[PDB]
Structures are given as structure tokens and as C-alpha cells.
Visitor: 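Please see the structure below; I have some questions.
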Amino acid sequence: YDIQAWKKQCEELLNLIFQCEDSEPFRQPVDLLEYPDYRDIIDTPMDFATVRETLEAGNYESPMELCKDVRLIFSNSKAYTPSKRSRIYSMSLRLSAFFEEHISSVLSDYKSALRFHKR
Ligand SMILES: O=C(Nc1nc2ccccc2o1)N1CCN(C(=O)c2ccco2)CC1
């Protein structure tokens, strides 16, 4: 029922994501010189370095907020892809599956801890 445990669990999961080859394109903000129309399609750039820095600054209150930003990385990739068969989109789908498999317990444990706190 540790209400704070999610933060180190998220740090460890980001470490695993950074070791995944599939995270390569998502590890820093999209380069606008490589993709000059990127901000005509995508509203809010997110990448994993921005998520890690936000966590490490103490600017997430809950793992739900971190999860929303990670999911934005993946929805941005789906919105920008010209094809569902894209290399970088295909990498996003595998990385998303990996992320969702690991974040599930982090969310469940946090929400259970909060419920216990408010019992
Ligand atoms: O420019 C990058 N990644 C990147 N990672 C860097 C590290 C260092 C310097 C520049 C970097 O640029 N990507 C393009 C857009 N993409 C898509 O979601 C997508 C779907 C279909 C085609 O692209 C996301 C990542």
C-alpha cells in the first residue's frame, strides 16, 4: 500500500524502454529538419526523454499522468505515420505492447494504495 512506489517502478520501466531498440526514434523529440511537416499534424510533441525528465523533476503526481504522456508518444506515431506498415510505426506498436504489459501493475498498485489510504 506504498503510495509513492510507482515513481521508482516508472523509473525502472523507462530504463527498460531505453534499452529496447524499438524505443530509438522515440527517445528524443522528433527532428523537424528531418520531418518538416511534423507540427502541421501533431499538436503536442512527446518523447521518452521528456517523460523521464518530467518524472525526475517531480512534475508527475501519479503514474496515470506518466501513462497519458507515454500513450501520447504512441498516438503521435500513429497519427504521423503515412502507412500502418511503416518501420517506425511498427516499432511503436511493439513498444506500446511492452509498455502496457508493464504499466498495468504499476497503475493497479497505486490505485489500490490510494484506496487503502482513503479507507
Ligand atoms: O525523428 C524521429 N525520431 C528521432 N529520434 C532522434 C534522436 C536524436 C536526433 C533526432 C531524432 O529524431 N521520428 C520521426 C517521426 N516518428 C514517427 O512517429 C513516424 C511514424 C512514421 C514515420 O515516422 C517518430 C520519431
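Just so you know, these numbers use all the heavy atoms, side chains as well, and skip hydrogens, waters and symmetry mates. Throughout, residue positions are numbered sequentially from 1 according to the sequence presented. Both ligands and their constituent atoms are indexed starting at 1 by order of listing.
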Visitor: Applying ring-ring contact (aromatic ring centres under 6.0 Å, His included), name anything that partners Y80, two or more places apart in sequence or on another chain.
Guide: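 Partners of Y80 by the ring-ring contact (aromatic ring centres under 6.0 Å, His included) criterion, ordered by chain and then number, come out as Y35, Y38.
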Visitor: Please tabulate, line by line, the atom pairs linking an N/O of ligand 1 to a protein N/O at a distance below 3.5 Å, with the distance in Å to 0.1, or answer 'none'.
Guide:
from: ligand 1; atom 1: 1 (O); to: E34; atom 2: OE1; distance (Å): 3.3
from: ligand 1; atom 1: 3 (N); to: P25; atom 2: O; distance (Å): 2.7
from: ligand 1; atom 1: 5 (N); to: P25; atom 2: O; distance (Å): 3.1
from: ligand 1; atom 1: 18 (O); to: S77; atom 2: OG; distance (Å): 2.6

Visitor: Looking at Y89, is its backbone amide N or carbonyl O close enough to the side chain of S92 to form a donor-acceptor pair, meaning the two atoms are under 3.5 Å apart?
Guide: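 It does hold such a pair.
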Visitor: Is a side-chain donor or acceptor of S75 paired with a backbone partner of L72 at a separation under 3.5 angstrom?
Guide: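 Yes; at least one donor-acceptor contact below 3.5 Å.
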Visitor: Where the side chain of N76 meets the backbone of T44, is there a donor-acceptor pair that is under 3.5 Å apart?
Guide: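 A pair under 3.5 Å: yes.
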Visitor: Pair up each side-chain donor or acceptor in residues 112-119 with any protein partner under 3.5 Å, not counting sequence neighbours, and list the distances.
Guide:
from: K118; atom 1: NZ; to: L114; atom 2: O; distance (Å): 2.9
from: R119; atom 1: NH1; to: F116; atom 2: O; distance (Å): 3.0

Visitor: Show the atom names and distances, to 0.1 Å, of all donor-acceptor pairs under 3.5 Å that link a side chain in residues 103-111 to residues at least two apart or in another chain.
Guide:
from: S104; atom 1: OG; to: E101; atom 2: O; distance (Å): 3.0
from: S108; atom 1: OG; to: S104; atom 2: O; distance (Å): 3.2

